[PDB]
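Shown here: start.cif, mmCIF, C-alpha atoms.
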```cif
data_run
#
loop_
_atom_site.group_PDB
_atom_site.id
_atom_site.type_symbol
_atom_site.label_atom_id
_atom_site.label_comp_id
_atom_site.auth_asym_id
_atom_site.auth_seq_id
_atom_site.Cartn_x
_atom_site.Cartn_y
_atom_site.Cartn_z
ATOM 1 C CA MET A 1 131.482 93.137 105.903
ATOM 2 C CA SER A 2 129.033 90.291 104.985
ATOM 3 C CA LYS A 3 126.526 91.987 102.590
ATOM 4 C CA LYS A 4 123.066 90.543 101.768
ATOM 5 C CA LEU A 5 120.816 89.930 98.712
ATOM 6 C CA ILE A 6 117.154 88.884 98.551
ATOM 7 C CA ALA A 7 114.650 88.326 95.728
ATOM 8 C CA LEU A 8 110.965 87.638 95.041
ATOM 9 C CA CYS A 9 109.868 85.345 92.201
ATOM 10 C CA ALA A 10 106.074 85.771 91.512
ATOM 11 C CA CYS A 11 104.386 83.872 88.627
ATOM 12 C CA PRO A 12 100.705 83.649 87.328
ATOM 13 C CA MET A 13 101.531 79.970 86.425
ATOM 14 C CA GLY A 14 102.553 79.060 90.013
ATOM 15 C CA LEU A 15 105.456 77.961 92.275
ATOM 16 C CA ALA A 16 107.208 75.581 89.766
ATOM 17 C CA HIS A 17 108.113 78.551 87.505
ATOM 18 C CA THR A 18 109.117 80.728 90.516
ATOM 19 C CA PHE A 19 111.491 77.910 91.700
ATOM 20 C CA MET A 20 113.343 77.990 88.320
ATOM 21 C CA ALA A 21 113.810 81.783 88.832
ATOM 22 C CA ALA A 22 114.666 81.244 92.552
ATOM 23 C CA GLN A 23 117.313 78.557 91.869
ATOM 24 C CA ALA A 24 118.845 80.719 89.088
ATOM 25 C CA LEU A 25 119.122 84.019 91.120
ATOM 26 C CA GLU A 26 120.359 82.007 94.145
ATOM 27 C CA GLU A 27 123.371 80.435 92.308
ATOM 28 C CA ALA A 28 124.238 83.884 90.868
ATOM 29 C CA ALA A 29 124.166 85.612 94.306
ATOM 30 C CA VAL A 30 126.225 82.710 95.856
ATOM 31 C CA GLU A 31 128.992 83.351 93.265
ATOM 32 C CA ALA A 32 128.731 87.066 94.249
ATOM 33 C CA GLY A 33 129.782 85.945 97.776
ATOM 34 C CA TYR A 34 127.010 87.432 99.988
ATOM 35 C CA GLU A 35 123.838 85.941 101.535
ATOM 36 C CA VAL A 36 120.742 85.193 99.346
ATOM 37 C CA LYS A 37 117.076 84.642 100.436
ATOM 38 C CA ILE A 38 114.358 84.330 97.726
ATOM 39 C CA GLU A 39 110.601 84.310 98.529
ATOM 40 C CA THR A 40 108.408 82.668 95.849
ATOM 41 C CA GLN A 41 104.738 83.717 95.341
ATOM 42 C CA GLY A 42 102.296 81.828 93.058
ATOM 43 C CA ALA A 43 98.744 80.401 92.667
ATOM 44 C CA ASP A 44 99.964 77.290 94.622
ATOM 45 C CA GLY A 45 101.088 79.420 97.626
ATOM 46 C CA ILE A 46 104.222 81.149 99.065
ATOM 47 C CA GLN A 47 107.605 79.429 99.820
ATOM 48 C CA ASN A 48 110.946 80.525 101.461
ATOM 49 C CA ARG A 49 109.166 83.522 103.133
ATOM 50 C CA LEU A 50 111.344 86.632 103.676
ATOM 51 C CA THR A 51 111.281 88.340 107.109
ATOM 52 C CA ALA A 52 111.285 92.111 107.888
ATOM 53 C CA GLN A 53 114.922 91.510 108.937
ATOM 54 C CA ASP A 54 115.804 89.842 105.522
ATOM 55 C CA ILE A 55 114.431 92.895 103.633
ATOM 56 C CA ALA A 56 116.319 95.319 105.977
ATOM 57 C CA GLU A 57 119.676 93.425 105.653
ATOM 58 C CA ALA A 58 119.167 93.325 101.862
ATOM 59 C CA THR A 59 121.870 95.476 100.226
ATOM 60 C CA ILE A 60 120.258 94.205 96.964
ATOM 61 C CA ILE A 61 116.633 93.108 96.165
ATOM 62 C CA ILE A 62 115.330 91.607 92.834
ATOM 63 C CA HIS A 63 111.517 91.429 92.155
ATOM 64 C CA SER A 64 111.692 88.816 89.397
ATOM 65 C CA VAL A 65 107.926 88.891 88.744
ATOM 66 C CA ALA A 66 105.316 88.587 85.952
ATOM 67 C CA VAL A 67 102.378 89.638 88.214
ATOM 68 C CA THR A 68 102.125 92.138 91.109
ATOM 69 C CA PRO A 69 103.369 90.127 94.203
ATOM 70 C CA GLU A 70 100.990 90.266 97.241
ATOM 71 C CA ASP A 71 103.928 91.197 99.516
ATOM 72 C CA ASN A 72 105.360 94.035 97.286
ATOM 73 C CA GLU A 73 104.335 96.566 100.045
ATOM 74 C CA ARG A 74 107.172 95.297 102.374
ATOM 75 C CA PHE A 75 109.719 96.277 99.687
ATOM 76 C CA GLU A 76 108.002 99.674 98.876
ATOM 77 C CA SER A 77 110.456 101.593 101.135
ATOM 78 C CA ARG A 78 113.483 99.490 100.041
ATOM 79 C CA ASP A 79 115.858 99.459 97.014
ATOM 80 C CA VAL A 80 114.312 96.878 94.632
ATOM 81 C CA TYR A 81 115.511 95.856 91.146
ATOM 82 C CA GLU A 82 112.165 94.794 89.648
ATOM 83 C CA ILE A 83 112.497 92.656 86.457
ATOM 84 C CA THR A 84 110.641 89.835 84.649
ATOM 85 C CA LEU A 85 110.618 86.302 86.173
ATOM 86 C CA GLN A 86 111.923 85.052 82.765
ATOM 87 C CA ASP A 87 114.979 87.439 82.949
ATOM 88 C CA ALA A 88 115.690 85.796 86.352
ATOM 89 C CA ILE A 89 116.144 82.421 84.578
ATOM 90 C CA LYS A 90 118.009 83.515 81.347
ATOM 91 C CA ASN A 91 120.108 86.394 82.810
ATOM 92 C CA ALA A 92 120.369 85.266 86.524
ATOM 93 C CA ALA A 93 124.147 85.832 86.842
ATOM 94 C CA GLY A 94 123.971 88.944 84.603
ATOM 95 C CA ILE A 95 121.374 90.636 86.866
ATOM 96 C CA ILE A 96 123.290 90.064 90.164
ATOM 97 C CA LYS A 97 126.806 91.057 88.851
ATOM 98 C CA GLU A 98 125.364 94.190 87.110
ATOM 99 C CA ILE A 99 123.721 95.353 90.394
ATOM 100 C CA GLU A 100 127.039 94.587 92.133
ATOM 101 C CA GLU A 101 129.095 96.838 89.792
ATOM 102 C CA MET A 102 126.388 99.617 89.688
ATOM 103 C CA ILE A 103 126.174 99.851 93.534
ATOM 104 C CA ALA A 104 130.002 99.336 93.929
ATOM 105 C CA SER A 105 130.669 102.163 91.391
ATOM 106 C CA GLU A 106 128.609 104.745 93.395
ATOM 107 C CA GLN A 107 129.931 103.326 96.763
ATOM 108 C CA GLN A 108 133.588 104.025 95.681
#
```

Taking this structure as input, can you express it in the form of structure tokens?
Amino acid sequence: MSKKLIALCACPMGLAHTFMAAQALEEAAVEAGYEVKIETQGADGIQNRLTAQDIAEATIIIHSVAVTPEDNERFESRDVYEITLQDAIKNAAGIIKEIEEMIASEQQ
């Protein structure tokens, strides 16, 4: 069926840096076929806010962060792949497809 991916980009610099990580992880997850919803936390504010439903649907989560995100508690109970916000930009596609083949391998 239609699987789901979410992410959280949180930067000490602010939302501009989180949007580079957001755009990157988004493209990657779109090529993976499923849904993608990425919340962005920074000193400027929070954009593209995830819902309790988004985090529940999420077969995959990526906390692409450099600081502890204020909303990390919502994902405490859930399966999160917590990396650096920089890895989200340089390795965007690599991250998503690696989580895909790790989960798929144990789901076979």

With the cut-off set at 12 Å and counting all atoms listed in the file, tabulate each residue of stretch 39-73 of chain A with an atom at most that distance from an atom of stretch 27-30 of chain A, showing the nearest atom pair and its distance in Å to one decimal, ordered by chain and increasing number, as JSON lines.
```
{"residue": "A:58", "atom": "CA", "partner": "A:29", "partner_atom": "CA", "distance": 11.9}
{"residue": "A:59", "atom": "CA", "partner": "A:29", "partner_atom": "CA", "distance": 11.7}
{"residue": "A:60", "atom": "CA", "partner": "A:29", "partner_atom": "CA", "distance": 9.8}
{"residue": "A:61", "atom": "CA", "partner": "A:29", "partner_atom": "CA", "distance": 10.8}
{"residue": "A:62", "atom": "CA", "partner": "A:29", "partner_atom": "CA", "distance": 10.8}
```

Residue A:45 environment, 9 Å, all atoms listed in the file, sequence neighbours closer than 5 positions dropped, as a list in words: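 Within the cut-off, the hits are residues 14, 15 and 40 of chain A.
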
Coordinates-based distance that separates atom CA of residue A:18 from atom CA of residue A:69 (Å, one decimal):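 Atom CA of residue A:18 lies 11.6 Å from atom CA of residue A:69.
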
Matched chain/residue IDs from the PyMOL selection byres ((chain A and resi 84-88) around 7), as a ChimeraX atom specification: /A:9,21,24-25,64-66,83,89-92

Gap from atom CA of residue A:2 to atom CA of residue A:73 - Å, one decimal: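 According to the coordinates, atom CA of residue A:2 and atom CA of residue A:73 are separated by 26.0 Å.
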
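Of the listed residues (A:37, A:94, A:56, A:100), A:56 comes nearest to residue A:77; the distances count all atoms listed in the file.
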
Atom pair atom CA of residue A:12 / atom CA of residue A:32: separation (Å):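 Spanning atom CA of residue A:12 to atom CA of residue A:32 is a straight-line distance of 29.1 Å.
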
Option closest in space to residue A:63, from A:36, A:103, A:43, A:7 [counting all atoms listed in the file]: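 The answer is A:7, which sits nearest to residue A:63.
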
Answer key for the PyMOL selection byres ((chain A and resi 74) around 10), residues as a PyMOL selection string: chain A and resi 50-52+55-56+70-73+75-78

Nearest to residue A:23 by atom-to-atom distance, counting all atoms listed in the file, from A:68, A:79, A:11, A:93: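 Smallest distance to residue A:23 is found for A:93.
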
Residue nearest residue A:31 - candidates A:6, A:96, A:46, A:80, atoms counted: all atoms listed in the file: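 When distances to residue A:31 are compared using all atoms listed in the file, the smallest one comes from A:96.
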
Closest of A:39, A:82, A:106, A:98 to residue A:54 - atom-to-atom distances counting all atoms listed in the file: A:39

Find the smallest box with edges along x, y and z containing every listed atom of stretch 48-57 of chain A, then add 3 Å on each side and report centre and edge lengths in Å to one decimal, as AutoDock Vina command-line options.
```
--center_x 114.4 --center_y 87.9 --center_z 105.2 --size_x 16.5 --size_y 20.8 --size_z 13.5
```

Kindly reconstruct stretch 17-34 of chain A with N, CA, C and O atoms and present the result as a PDB file, in the frame of the given file.
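Wrote result-v5.pdb, looks like this:
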```
ATOM      1  N   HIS A  17     107.450  77.552  88.349  1.00  0.00           N
ATOM      2  CA  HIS A  17     108.113  78.551  87.505  1.00  0.00           C
ATOM      3  C   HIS A  17     108.961  79.507  88.369  1.00  0.00           C
ATOM      4  O   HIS A  17     110.078  79.897  87.975  1.00  0.00           O
ATOM      5  N   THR A  18     108.428  79.851  89.560  1.00  0.00           N
ATOM      6  CA  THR A  18     109.117  80.728  90.516  1.00  0.00           C
ATOM      7  C   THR A  18     110.385  80.049  91.069  1.00  0.00           C
ATOM      8  O   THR A  18     111.351  80.726  91.375  1.00  0.00           O
ATOM      9  N   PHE A  19     110.351  78.702  91.193  1.00  0.00           N
ATOM     10  CA  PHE A  19     111.491  77.910  91.700  1.00  0.00           C
ATOM     11  C   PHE A  19     112.634  77.844  90.681  1.00  0.00           C
ATOM     12  O   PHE A  19     113.792  77.721  91.071  1.00  0.00           O
ATOM     13  N   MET A  20     112.304  77.896  89.375  1.00  0.00           N
ATOM     14  CA  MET A  20     113.343  77.990  88.320  1.00  0.00           C
ATOM     15  C   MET A  20     114.064  79.350  88.394  1.00  0.00           C
ATOM     16  O   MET A  20     115.290  79.425  88.252  1.00  0.00           O
ATOM     17  N   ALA A  21     113.281  80.414  88.650  1.00  0.00           N
ATOM     18  CA  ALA A  21     113.810  81.783  88.832  1.00  0.00           C
ATOM     19  C   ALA A  21     114.584  81.913  90.159  1.00  0.00           C
ATOM     20  O   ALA A  21     115.602  82.604  90.225  1.00  0.00           O
ATOM     21  N   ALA A  22     114.086  81.219  91.200  1.00  0.00           N
ATOM     22  CA  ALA A  22     114.666  81.244  92.552  1.00  0.00           C
ATOM     23  C   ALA A  22     116.037  80.571  92.553  1.00  0.00           C
ATOM     24  O   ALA A  22     117.008  81.143  93.025  1.00  0.00           O
ATOM     25  N   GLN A  23     116.084  79.357  91.984  1.00  0.00           N
ATOM     26  CA  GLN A  23     117.313  78.557  91.869  1.00  0.00           C
ATOM     27  C   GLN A  23     118.387  79.332  91.087  1.00  0.00           C
ATOM     28  O   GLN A  23     119.545  79.380  91.497  1.00  0.00           O
ATOM     29  N   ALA A  24     117.959  79.963  89.981  1.00  0.00           N
ATOM     30  CA  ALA A  24     118.845  80.719  89.088  1.00  0.00           C
ATOM     31  C   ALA A  24     119.498  81.928  89.804  1.00  0.00           C
ATOM     32  O   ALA A  24     120.737  82.048  89.826  1.00  0.00           O
ATOM     33  N   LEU A  25     118.657  82.799  90.408  1.00  0.00           N
ATOM     34  CA  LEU A  25     119.122  84.019  91.120  1.00  0.00           C
ATOM     35  C   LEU A  25     119.966  83.665  92.354  1.00  0.00           C
ATOM     36  O   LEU A  25     120.842  84.442  92.758  1.00  0.00           O
ATOM     37  N   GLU A  26     119.667  82.499  92.951  1.00  0.00           N
ATOM     38  CA  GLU A  26     120.359  82.007  94.145  1.00  0.00           C
ATOM     39  C   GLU A  26     121.818  81.698  93.815  1.00  0.00           C
ATOM     40  O   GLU A  26     122.711  82.278  94.426  1.00  0.00           O
ATOM     41  N   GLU A  27     122.026  80.837  92.790  1.00  0.00           N
ATOM     42  CA  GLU A  27     123.371  80.435  92.308  1.00  0.00           C
ATOM     43  C   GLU A  27     124.225  81.674  92.007  1.00  0.00           C
ATOM     44  O   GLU A  27     125.345  81.786  92.482  1.00  0.00           O
ATOM     45  N   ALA A  28     123.615  82.616  91.279  1.00  0.00           N
ATOM     46  CA  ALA A  28     124.238  83.884  90.868  1.00  0.00           C
ATOM     47  C   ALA A  28     124.754  84.692  92.078  1.00  0.00           C
ATOM     48  O   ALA A  28     125.919  85.110  92.114  1.00  0.00           O
ATOM     49  N   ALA A  29     123.863  84.888  93.059  1.00  0.00           N
ATOM     50  CA  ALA A  29     124.166  85.612  94.306  1.00  0.00           C
ATOM     51  C   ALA A  29     125.174  84.866  95.214  1.00  0.00           C
ATOM     52  O   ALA A  29     125.865  85.500  96.022  1.00  0.00           O
ATOM     53  N   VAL A  30     125.279  83.530  95.061  1.00  0.00           N
ATOM     54  CA  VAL A  30     126.225  82.710  95.856  1.00  0.00           C
ATOM     55  C   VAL A  30     127.652  82.938  95.322  1.00  0.00           C
ATOM     56  O   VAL A  30     128.624  83.030  96.086  1.00  0.00           O
ATOM     57  N   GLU A  31     127.738  83.071  93.994  1.00  0.00           N
ATOM     58  CA  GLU A  31     128.992  83.351  93.265  1.00  0.00           C
ATOM     59  C   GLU A  31     129.437  84.813  93.486  1.00  0.00           C
ATOM     60  O   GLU A  31     130.615  85.154  93.303  1.00  0.00           O
ATOM     61  N   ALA A  32     128.474  85.666  93.870  1.00  0.00           N
ATOM     62  CA  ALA A  32     128.731  87.066  94.249  1.00  0.00           C
ATOM     63  C   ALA A  32     129.241  87.180  95.703  1.00  0.00           C
ATOM     64  O   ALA A  32     129.719  88.244  96.114  1.00  0.00           O
ATOM     65  N   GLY A  33     129.106  86.088  96.480  1.00  0.00           N
ATOM     66  CA  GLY A  33     129.782  85.945  97.776  1.00  0.00           C
ATOM     67  C   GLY A  33     128.870  86.125  98.981  1.00  0.00           C
ATOM     68  O   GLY A  33     129.033  85.432  99.994  1.00  0.00           O
ATOM     69  N   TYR A  34     127.923  87.067  98.878  1.00  0.00           N
ATOM     70  CA  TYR A  34     127.010  87.432  99.988  1.00  0.00           C
ATOM     71  C   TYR A  34     125.879  86.417 100.211  1.00  0.00           C
ATOM     72  O   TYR A  34     125.774  85.398  99.509  1.00  0.00           O
TER      73      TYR A  34
END
```
